[PDB]
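S.K.: As numbered in PDB author numbering, residues -2 to 154, 160 to 432 make up the first sequence, in order.
Built from N, CA and C at the ideal position, the CB exists for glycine as well.
Structure provided below as structure tokens; questions to follow.
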Amino acid sequence: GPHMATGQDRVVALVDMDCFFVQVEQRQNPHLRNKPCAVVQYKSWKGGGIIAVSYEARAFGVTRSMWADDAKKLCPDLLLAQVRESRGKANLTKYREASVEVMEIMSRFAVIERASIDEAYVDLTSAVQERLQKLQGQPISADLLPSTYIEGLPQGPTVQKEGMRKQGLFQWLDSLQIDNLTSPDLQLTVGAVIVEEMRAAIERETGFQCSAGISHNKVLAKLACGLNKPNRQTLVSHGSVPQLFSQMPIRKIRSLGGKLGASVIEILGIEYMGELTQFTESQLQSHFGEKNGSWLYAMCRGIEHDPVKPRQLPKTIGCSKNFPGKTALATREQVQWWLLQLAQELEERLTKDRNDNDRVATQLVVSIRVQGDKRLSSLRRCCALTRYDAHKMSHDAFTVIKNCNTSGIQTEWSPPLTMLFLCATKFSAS
DNA sequence: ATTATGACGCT
DNA sequence: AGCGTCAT
Ligand SMILES: Nc1nc2c(ncn2[C@H]2C[C@H](O)[C@@H](COP(=O)(O)NP(=O)(O)OP(=O)(O)O)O2)c(=O)[nH]1
Ligand SMILES: [Mg+2]
Ligand SMILES: [Mg+2]
């Protein structure tokens, strides 16, 4: 009743750049704009692997993870841009720099948490209180929400999508009590106004379009963001959760798309998020552990407490390359050469990070994969990172991994290596 | 032969 | 510390 917390204390948004790497390449090359196009890394093997797809190309069935040659079968006029190659490997610097452009604009409006190269959570609670004081009980005009969808509306008592959007928004605004400065629905609405402004600023100052979700926590904001892509934003209210979750496959919720979600489905014999409400918190904890069980009990009611961490910069800076099938490294000279290439890229990125961000990494993590292992990492070993020197870093990585070489011979490497990975971690202010 | 990252939980 | 899971 009156003591049952409803998880409506915060306003949280999730901003995700639409087909990011594609947009970066389309800004640079106008010939790619408003076309089916995709971004690929490498080229020789099956045309390269697609990692980003414009919405025009998605209409033909092109997806991430698809080989470019296969995508061309679905979409013969697909345009391709290739990721830059440096020191023998894909180099993603152009997209990281574009990411920084966007994140610095977002940070003008509120403290953000960088969740990926192209997505950030925003805690808008305080900004919303400020705007509410400025409004002075003035209603919110639909004109201030020109790209906003209200999930679940319209309902009750009509052909085109923009008309649908406007009907739902009008129903939402008509039911708003702008008198009450602590109304959660009002707070979400003002949050949506602020996100319209943030998205307008991003597009004006970078050329990039994005989608966004506005709700009371990170998981609902993330789910909301996906409901109306591209170039739109969606408000998911607390009240919309029962209907939304009643047909929502468990795997759609961030963190339940893998083994844990499969176990929820299999153990409980359910399919949809909403079905979780019928279990007690102790029941869920008994199946899935204390932490997961409490999290699921709250999440299926729309409640989640994970804070938006004030963290605009990545916590690690890493370099990795796969050596699949027959390209695997089977000589010591090979392993040393590729460790050096990875370490030279890492040195370049670390030196730029130190100059930009007043910090220094102190730990080097070396990960390898050996032929035959189905795991991402076969071995992970750390050593000290005391100088930004590529030859030192590559020598240190070789020292920590050299005992994996089964070959009695000194020149050969067996079993051959199918992945190398260097990661700088444990930053300190400098 | 998807690949290149990056975050975080467990023990 | 090293490994696994979840992303994508
Ligand atoms: N190197 C690499 N980059 C990747 C990979 N997957 C994605 N990227 C890169 C390329 C992506 O552009 C970027 C952002 O990832 P998303 O937000 O998941 N996809 P997007 O923004 O394209 O589409 P949407 O409109 O649905 O949000 O990360 C990968 O496996 N490897
Ligand atoms: Mg995106
Ligand atoms: Mg993203």
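(1) Could you spell out the range, first to last residue, of the alpha helix (DSSP H) harbouring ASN294?
(2) What is the rounded straight-line gap between the Cα of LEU229 and the Cα of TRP64?
(3) Given this structure, state the Cα-to-Cα distance separating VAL243 from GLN280, to the nearest angstrom.
(4) Any contact of the stretch 342 to 352 with the stretch 84 to 97, i.e. 3+ C-beta pairs under 8 Å?
(5) Any chance the stretch 197 to 217 sits against the stretch 161 to 170, with 3 or more Cβ pairs inside 8 Å?
(6) Could you have a look at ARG377 and say whether DSSP puts it in helix, strand or coil?
(7) Measuring CA to CA, which of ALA68, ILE48, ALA49 and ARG361 is closest to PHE57?
(8) Quick check on DSSP: helix, strand or coil for residue 158?
(9) Given this structure, state the Cα-to-Cα distance separating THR3 from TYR299, to the nearest angstrom.
(10) What three-state label does DSSP hand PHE172 in the structure shown?
(11) Quick one: give me the first and last residue of the alpha helix (DSSP H) that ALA194 is part of.
(12) Where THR191 and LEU237 are concerned, what is the direct C-alpha to C-alpha distance, given to the nearest angstrom?
(13) Taking three-plus beta-carbon pairs below 8 Å as touching, is the stretch 335 to 347 in contact with the stretch 252 to 259?
(14) Between the stretch 33 to 52 and the stretch 5 to 12, can you find at least three pairs of beta-carbon atoms closer than 8 Å?
(15) Give the C-beta separation of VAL195 and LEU141 to the nearest angstrom, bearing in mind that I take them to be a contact with Cβ-Cβ under 8 Å.
(16) Distance, Cα to Cα, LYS428 vs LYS317?
(17) For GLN179, count neighbouring Cβ atoms within 10 angstroms of its own Cβ and tell me buried if that reaches 16, exposed if not.
(18) Among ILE114, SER138, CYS406 and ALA386, which residue has its Cα nearest to the Cα of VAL337?
(19) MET103 and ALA124 look like a contact to me (Cβ under 8 Å); what is the Cβ gap, rounded to whole Å?
(20) At what residue ranges does the stretch 26 to 80 contain a whole run of the alpha helix (DSSP H), taking only runs of 4 or more?
(21) Do you know whose CA, among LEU342, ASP355 and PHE423, lies nearest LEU378's CA?
(22) Buried or exposed: which applies to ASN182, given that a residue is buried once 16 or more other Cβ atoms fall within 10 Å of its Cβ?
(23) Excluding the 5 residues flanking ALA203 on each side, which residues of the same chain have their C-beta closer than 7 Å to its C-beta?
(24) Where does residue 155 land, buried or exposed, given buried means 16+ other C-beta within 10 angstroms?
(25) Does the distance from the CB of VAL21 to the CB of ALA35 come in under 9 Å?
(26) Do you know whose CA, among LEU246, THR329 and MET275, lies nearest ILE252's CA?
(27) Using alpha carbons as the reference points, say which of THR401, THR282, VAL310 and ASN357 lies closest to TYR390.
M.R.: According to the structure data:
(1) Within the first sequence, the letter at position 292 stands for residue 294. Segment 292 to 301, the alpha helix (DSSP H) holding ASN294.
(2) Here residue 229 is taken as the residue at index 227 of the first sequence, counted from 1. Here residue 64 is taken as the residue at index 67 of the first sequence, counted from 1. Those two C-alpha atoms are separated by around 27 Å.
(3) Locating residue 243 in the first sequence gives position 241, counting from the first residue. Locating residue 280 in the first sequence gives position 278, counting from the first residue. Whole-angstrom Cα-Cα distance: 15 Å.
(4) Yes: the two stretches touch, three or more of their Cβ pairs being nearer than 8 Å.
(5) no
(6) By one-based count along the first sequence, residue 377 stands at place 375. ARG377 falls in the coil class under three-state DSSP.
(7) In the first sequence, counting from the first residue as 1, residue 57 sits at position 60. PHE57 has its Cα closest to that of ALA68, out of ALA68, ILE48, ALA49 and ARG361.
(8) A break in the chain separates 154 from 160, and the residue in question, residue 158, sits inside that break with no coordinates.
(9) In the first sequence, counting from the first residue as 1, residue 3 sits at position 6. In the first sequence, counting from the first residue as 1, residue 299 sits at position 297. Distance between the alpha carbons of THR3 and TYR299 is about 12 Å.
(10) Reading the first sequence from its first residue, position 170 is the one you call residue 172. In this structure, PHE172 counts as helix in the three-state DSSP scheme.
(11) By 1-based counting over the first sequence, the position of residue 194 is 192. Looking at the DSSP string, the run of the alpha helix (DSSP H) that includes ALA194 is 186 to 208.
(12) Position 189 of the first sequence, counted from the start, is the residue given in the question as residue 191. Position 235 of the first sequence, counted from the start, is the residue given in the question as residue 237. Answer to the nearest angstrom: the Cα atoms are 8 Å apart.
(13) No, they do not touch.
(14) They do not touch, by the three-pair rule.
(15) In the first sequence, counting from the first residue as 1, residue 195 sits at position 193. In the first sequence, counting from the first residue as 1, residue 141 sits at position 144. Between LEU141 and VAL195 the Cβ distance is about 5 Å, and since that is below 8 Å, they are a contact.
(16) Reading the first sequence from its first residue, position 426 is the one you call residue 428. Reading the first sequence from its first residue, position 315 is the one you call residue 317. Their backbone Cα atoms lie some 8 Å apart in a straight line.
(17) Working through the first sequence from its first residue, we reach residue 179 at position 177. Answer is exposed; the Cβ neighbour count stays below 16.
(18) For the purposes of this step, residue 337 is taken as residue 335 along the first sequence, with counting starting at 1. Taking only the C-alpha atoms, the option nearest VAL337 is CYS406.
(19) Residue 103 sits at position 106 when you count from the first residue of the first sequence. Residue 124 sits at position 127 when you count from the first residue of the first sequence. Their Cβ separation, rounded to whole angstroms, is 12 Å, which puts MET103 and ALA124 out of contact at 8 Å.
(20) The DSSP assignment places complete alpha helix (DSSP H) segments of no fewer than 4 residues inside the stretch 26 to 80 at 52 to 55 and 65 to 71, in order along the chain.
(21) Walking along the first sequence from the start, residue 378 turns up at place 376. Nearest option by C-alpha distance: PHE423.
(22) Working through the first sequence from its first residue, we reach residue 182 at position 180. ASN182 comes out exposed.
(23) Position 201 of the first sequence, counting from 1, holds the residue named residue 203. Contacts found: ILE102.
(24) One cannot assign coordinates to residue 155, given that the chain in this structure leaps from 154 to 160.
(25) Indexing the first sequence from 1 puts residue 21 at position 24. Indexing the first sequence from 1 puts residue 35 at position 38. Result no, Cβ atoms of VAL21 and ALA35 do not sit closer than 9 Å.
(26) For the purposes of this step, residue 252 is identified with residue 250 of the first sequence, where counting begins at 1. Cα-wise, what sits closest to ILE252 is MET275.
(27) Taking the first residue of the first sequence as position 1, residue 390 is located at position 388. It is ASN357.
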